[PDB]
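K.L.:
sequence plus experimental coordinates follow:
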Amino acid sequence: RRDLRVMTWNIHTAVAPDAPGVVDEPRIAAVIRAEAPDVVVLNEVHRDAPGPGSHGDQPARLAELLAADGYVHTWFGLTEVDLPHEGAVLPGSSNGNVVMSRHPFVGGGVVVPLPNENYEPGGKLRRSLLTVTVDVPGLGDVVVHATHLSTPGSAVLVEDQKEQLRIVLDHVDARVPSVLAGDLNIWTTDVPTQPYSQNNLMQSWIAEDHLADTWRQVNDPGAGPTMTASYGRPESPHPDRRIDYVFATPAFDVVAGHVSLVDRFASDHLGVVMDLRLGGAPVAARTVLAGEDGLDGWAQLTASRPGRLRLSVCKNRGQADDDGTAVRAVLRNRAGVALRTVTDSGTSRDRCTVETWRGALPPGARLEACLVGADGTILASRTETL
Ligand SMILES: [Zn+2]
């Protein structure tokens, strides 16, 4: 069978917001055990030598706690050494991203450093990408990319987020089944209180690279903020604080997903648990961005055997308030006749519009993505032949 459950979680070094000063790997492990993912990506896992505030060897402890549950394949991808602990640099400390899996790796993990040149020219490394292939029974090889980007704490940090993301995306091959997961530290849309926010731009790059935001395919983004403290708060900006993601390549369909509420106060982030299903090899995958500068959303078309078509259309505009605009995708024949139209309205807090049907792309077909005004006027249009 073709199901895959993928979880991502920033575990805050297993220190719970409801119990400061206690390192509690069992609480983290119990949530993972209950969610029973095939593969889990963890951020903020330390591997520290002894000293004031040390977290010890967290990957080894998590592996010990989860071995009997089948998570016997683990990889730690170093991101940073010698971090402040309790107000002082702790020698021999380190942070990593971790992949844990019930299924064996093919080869080993590879770590790619991600720069912070704008924040600190010539400074220490702080962020990295971990890539490892997992051989999943029934599916075959799935490439897992695990990362954690800088926080958007300033204009220079956002410039670093952009450079980090470029490198991450250039390491994803959408031609093979892959997932990209972790704390990307970006909303899907520009933060209105930050003039230097460039989230719409970054999301357009991810979509151009044939990656689908899996949560947004099946759920309202506004129902899944991933900061624990934001969960359950309808007031702005809380429903927008979804910053932990699972992205998937076109071969995957998204079945369902949820934020983990087994023990919500175990970390200051919520775990994101996605149920995916691997289809056949895509025969075509194309993204057309929407809006005059390609910043208002997108349409992603996937064709696969036998004769299946999928169109995922996303309006990536607005937070609390719907301006009445819509993103519309039209599949047209060579004559320009509409074969199918799929539209997404609402705001970035609302689920994307995904349609799947039986059909074949005729020769000379093209895909159009438009931004449509509230009055029905076409504000922008972009078309690409297939
Ligand atoms: Zn530590």
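P.N.:
Received, thanks. Residues are numbered from 1 along each chain as shown.

K.L.:
what's the neighbour count on the residue in the stretch 251-386 of the chain that the ion sits nearest to?
P.N.:
Among the residues of the stretch 251-386 of the chain, residue 267 lies nearest to the ion; the distance is 14.7 Å by CB to the ion. The C-beta positions use only the backbone N, C-alpha and C, and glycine is treated the same way. Using other CB atoms under 10 Å, residue 267 has 26 neighbouring residues.

K.L.:
isn't it up against residue 17?
P.N.:
Yes: the criterion here is CB atoms under 8 Å, and residue 267 meets it with residue 17 at 7.4 Å.

K.L.:
mind listing the shared neighbours of these two?
P.N.:
residue 228 (CB atoms under 8 Å, 6 or more residues apart in numbering).

K.L.:
what does the protein have sitting close to the ion?
P.N.:
Residues of the chain lying near the ion by CB under 5 Å from the ion: 46, 48, 55, 93.

K.L.:
now, the most widely separated pair of those?
P.N.:
Within the residues of the chain next to the ion, 55 and 93 form the most distant pair, 7.7 Å apart (CB to CB).

K.L.:
give the residues shared as contacts by the two.
P.N.:
Jointly contacting residue 55 and residue 93 under the rule CB under 8 Å, 6+ apart are 46, 48, 85.

K.L.:
which of these sits closest to residue 358?
P.N.:
Lowest distance from residue 358 to the shared contacts of residue 55 and residue 93 (CB to CB) belongs to residue 46, with 50.3 Å.

K.L.:
so is the closest one in a helix, a strand, or just coil?
P.N.:
Per DSSP: H, G, I helix; E, B strand; the rest coil, the secondary structure class of residue 46 is strand.

K.L.:
now for it, how many residues are close by?
P.N.:
Using other CB under 10 Å, residue 46 has 25 other residues around it.

K.L.:
repeat for residue 83
P.N.:
By other CB under 10 Å, 18 other residues sit near residue 83.

K.L.:
quick one, phi/psi of it?
P.N.:
The phi/psi pair for residue 83 (degrees, to the nearest 10) reads phi -90, psi 150.

K.L.:
contacting residues for residue 287?
P.N.:
By CB under 8 Å, 6+ apart, the residues touching residue 287 are 207, 208, 209, 210, 298, 299, 300, 301.

K.L.:
now, those that are in helices?
P.N.:
Using DSSP state H, the subset of these located in helices is 207, 208.

K.L.:
got a markdown table for the contacts of residue 287, with neighbour count and distance to residue 201 too?
P.N.:
Listed next are those as a markdown table, based on neighbours: other CB atoms under 10 Å; distance: CB to CB, whole Å:
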| residue | neighbour count | distance to residue 201 |
| --- | --- | --- |
| 207 | 24 | 11 |
| 208 | 16 | 11 |
| 209 | 17 | 13 |
| 210 | 22 | 17 |
| 298 | 27 | 12 |
| 299 | 30 | 18 |
| 300 | 25 | 17 |
| 301 | 25 | 22 |
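
K.L.:
ok so, going back, ok, so of the shared contacts of residue 55 and residue 93, who is nearest residue 318?
P.N.:
Of the shared contacts of residue 55 and residue 93, the one sitting nearest to residue 318 (CB to CB) turns out to be residue 46, at 38.4 Å.

K.L.:
which strand residues bridge the closest one?
P.N.:
Taking DSSP bridges as the rule, residue 46 bridges to residue 95.

K.L.:
quick one: it and residue 269, what's the gap?
P.N.:
Distance of residue 46 to residue 269, given as CB to CB, to the nearest Å: 15 Å.

K.L.:
could you do residue 230 as well?
P.N.:
Distance of residue 230 to residue 269, given as CB to CB: 10 Å.

K.L.:
so when I look at residue 339, I'm seeing a helix, right?
P.N.:
No: assessed by three-state DSSP, residue 339 does not belong to a helix; its assignment is strand.

K.L.:
phi, psi of the closest residue to it other than its chain neighbours?
P.N.:
Of all residues not flanking residue 339 in the chain, residue 331 sits nearest, at 4.6 Å (CB to CB, 6 or more residues apart in numbering). Note on residue 331: backbone dihedrals following degrees, to the nearest 10 are phi -90, psi 120.

K.L.:
and the next element down the chain from the helix or strand harbouring residue 79?
P.N.:
Assigned by DSSP states H and E, residue 79 belongs to strand 73-81. With elements assigned by DSSP H and E, the helix or strand that comes after strand 73-81 is strand 84-85.

K.L.:
quick check: can you name the pairing partners of the helix or strand that that next one is followed by and their directions?
P.N.:
Downstream of strand 84-85, the first helix or strand assigned by DSSP H and E is strand 88-89. Strand pairing for strand 88-89, using DSSP bridges, gives strand 84-85 (antiparallel).
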